[PDB]
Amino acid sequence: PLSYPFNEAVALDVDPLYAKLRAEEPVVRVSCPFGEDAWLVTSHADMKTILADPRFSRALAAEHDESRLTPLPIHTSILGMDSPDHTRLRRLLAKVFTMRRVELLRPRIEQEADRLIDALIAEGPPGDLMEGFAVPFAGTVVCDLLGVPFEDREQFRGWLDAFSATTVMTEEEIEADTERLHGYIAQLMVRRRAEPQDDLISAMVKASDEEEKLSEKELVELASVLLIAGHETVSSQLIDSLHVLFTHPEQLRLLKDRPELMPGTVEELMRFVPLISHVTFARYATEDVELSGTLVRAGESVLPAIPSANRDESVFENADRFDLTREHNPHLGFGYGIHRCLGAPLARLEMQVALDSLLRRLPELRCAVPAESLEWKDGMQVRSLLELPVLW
């Protein structure tokens, strides 16, 4: 079996092997850094199967030494459950994490983007769009939504890496930091239970207490993954998207000349940016299933390489090209089926607001160094820049 990942992720470059696999052997046996061997899935159609078809299970991973890139299995909360447990947590969030809640956040989100740009301008160029914009923008938004104090960032931010680190932390460090984040959220819930605020943690604690729907551990682990998703995934996709726009200056000119392309632009960034470094979380087969001529037997795992699905040339014409006018775009950047992203309306709002605000306030925004000089964050499950220096 081939050793996987084949190569360490570099910048936003996609490994040429994925295009060879999609064309000649779309499903291949690999050996994983931790846990059992697995079947690597690379095509769009098979990706939809293993993400949505009831024959593939997340909860079965707990009965195995789960195929994975991280030293220990991650506490994925809702994303590690099947029905009926998944349905219980999913229904809870649907009732408190509504579209109206997200749309009512837009004035505060727009105000935070303007405040961060005010600070960038007051401090003068060169600025850092990562630590000086994407990180605190994503962070204040999710902290506002969830009810985690943004002022506690100095203590919790150093724990989040333990949910994503692949090669850069020991299992002892991962266990300690995971326990520290859970313990910190647990103490926040004691306060929020007694003194509810207009945020998601309070609403979840209240909805769960009234119907005894979730245990305290389930609530703690769920709030934790929402904080990782809003703080880390959003800021990573935002900073990678800015890198894509800077390195495709003709598409950036088109976006500034036709601002109505922004909704389609965000979707094409979701598709084109290979945000997941390699694969998302393993599923396990409950029955024999044939995928692209390869038989996956019951009890075997499949790794969904979502970035490769989004480059599938049988689905997206010129899949290797970034084209923000692309109309047909059934990308899997937000997942598919039972576990599809429920933060996607908010992520879409943040991306649109962030990019509209930057292009509106800083019309001359350009990268301050050659892209070869940039430093990327290695050893994580998503790709992100450590710094993006800009002039204006």
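Position 1 is the first residue in the sequence shown; the rest follow in order.
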Higher-scoring stretch by recorded Cα B factor average, 209-217 or 172-180: 209-217
Of 318-326 and 269-277, the stretch whose C-alpha atoms average the higher B-factor in the entry: 318-326
Out of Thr87, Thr140, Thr76, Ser301, highest CA B-factor residue: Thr87
Largest Cα B-factor, entry values, listed residues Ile50, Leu349, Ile338, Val28: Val28
Third of chain Cα B-factors occupied by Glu260: highest
Third of the chain, ranked by Cα B-factor, where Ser373 sits: highest
Relative C-alpha B-factor of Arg68, binned into the chain's lowest, middle or highest third: middle
CA B-factor ranking of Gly230, expressed as a third of its chain: lowest
Relative C-alpha B-factor of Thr166, binned into the chain's lowest, middle or highest third: middle
